[PDB]
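Enquirer: If you scroll down you'll find the structure; I have some questions about it.
Using ideal geometry, Cβ is built from the backbone for each residue, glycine included, and neighbour counts are taken over all protein chains shown. None of the figures in this text is laboratory data; all of them are computed from the coordinates on show.
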2 protein chains.
Amino acid sequence: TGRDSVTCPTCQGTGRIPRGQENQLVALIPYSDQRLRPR
Amino acid sequence: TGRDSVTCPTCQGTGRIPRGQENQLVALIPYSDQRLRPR
Ligand SMILES: [Zn+2]
């Protein structure tokens, strides 16, 4: 049992949404996830 | 590999959001999920 809540009516509680670059650009870049500190 | 997408910046891709009754009331009610047709 738990509090009352409904699944995301947008992402259907999946965990994936379209970036907002169109509205506001970004200032980041991709990289490689080395073994060191995987978490 | 897959298309580019970011996790829900609201539900953090968890799958739980506050209902919108405050904005718009509802006209539904709870019930029991009998064994017949579980899906
Ligand atoms: Zn979501």
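Enquirer: How many nm separate the modelled label positions at B:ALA27 and B:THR7, each set 7 Å beyond the Cα in the direction of the Cβ?
Expert: 3.9 nm
Enquirer: Averaged over A:5-17, how many beta carbons belonging to a partner chain fall within 10 Å of each residue's beta carbon?
Expert: Across A:5-17, the average partner-chain Cβ count within 10 Å equals 6.
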